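Below you will find one chain, with nothing else, as structure tokens; this is the form deposited in one PDB entry, and questions on how it binds or moves follow later.
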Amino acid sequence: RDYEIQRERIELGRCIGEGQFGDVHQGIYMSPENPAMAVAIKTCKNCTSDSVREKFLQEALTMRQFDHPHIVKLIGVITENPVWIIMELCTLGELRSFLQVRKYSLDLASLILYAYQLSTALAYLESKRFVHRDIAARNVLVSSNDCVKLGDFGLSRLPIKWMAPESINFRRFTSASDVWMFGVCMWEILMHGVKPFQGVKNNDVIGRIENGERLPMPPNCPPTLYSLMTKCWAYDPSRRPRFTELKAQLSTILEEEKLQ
């Protein structure tokens, strides 16, 4: 059982970014016999108290519950100071950069695959009654060309243009508001890592959305798919599909794309 890893099994590599609690490094988990595996190591800033430590480690506690091919995998924790969380490394990095950089080398079928894969992770999370609250390409990682994984999972310490009307207006976050965000995430993927509502102010966004305005159909996005996206953006959350539906729809759209 035990998620506690001995610190000498970890070789800290280069800083690859920042979480809310501190720096994230790439690195290696070493074990006897045993090829050696690339890991992400999340660190914590100024946690000179239990409370900050407890908040930071909650991410690990949350990820203990999940076992999915398209969700970042927790490997372990080191709970004596400095406290670290060890995760699997998604070696190709952040989705947006990957999409931007590989625009002329990715076919439409790959973009749909990523959407389908993310929807299986989200249908999984739905069944655990886990509300993610920030589904956006910034939180998707690339493990390989044919594999993406969803991250955080962790706590703080507002993503207006990704959020459902009911999340913005009534601080409501549910499975249906996550579906809305997934729709925007799919727009980002089809758009190759372009941000929704560029040059638009956050306080403008709810005005436009309640006036019925929606993100336009991406060039070379199939109609059946933009049709699925628009259903994610139904104002009335009770009419949006659930991730179980989306997973089955994205499957047929993907398969019809690989069939020409």
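One rule holds for the numbers: they count along the sequence shown, beginning at 1.
Missing coordinates between residue 157 and residue 158 amount to 10 or more residues of the deposited sequence. Relative to its counterpart among 66 to 74 and 215 to 223, 215 to 223 has the higher mean temperature factor, C-alpha atoms as listed in the PDB entry.
When the mean C-alpha temperature factors of 197 to 205 and 230 to 238 are read from the deposited coordinates, 197 to 205 comes out higher. Looking at the C-alpha B-factors along this chain, the one for residue 117 belongs to the lowest third. Per-chain ranking of the deposited C-alpha B factor places residue 59 in the middle third. In the deposited entry, the Cα temperature factor of residue 103 sits in the top third of values across the chain's modelled residues. Placement of the Cα temperature factor of residue 130 within the chain: middle third of the modelled residues, per the deposited record. Among all modelled residues in its chain, residue 153 ranks in the highest third by Cα B-factor.
What follows is about the form solved in complex with a partner chain, which we do not show.
Mapping the unseen interface onto this chain, residue 168 counts among the residues with a heavy atom inside 4.5 Å of the partner chain in the deposited complex.
Though the partner is left out of this view, residue 30 does not reach within 4.5 Å of the partner chain in the deposited complex, counting heavy atoms only. The partner chain is not shown here, but in the deposited complex it comes within 4.5 Å of a heavy atom of residue 172.
Although the partner is absent from this view, residue 194 stays clear of the partner chain in the deposited complex, with no non-hydrogen atom inside 4.5 angstroms. Heavy atoms within 4.5 Å of the partner chain in the deposited complex are found in one stretch of 123 to 131, 158 to 166, 81 to 89, 177 to 185, which is 158 to 166.
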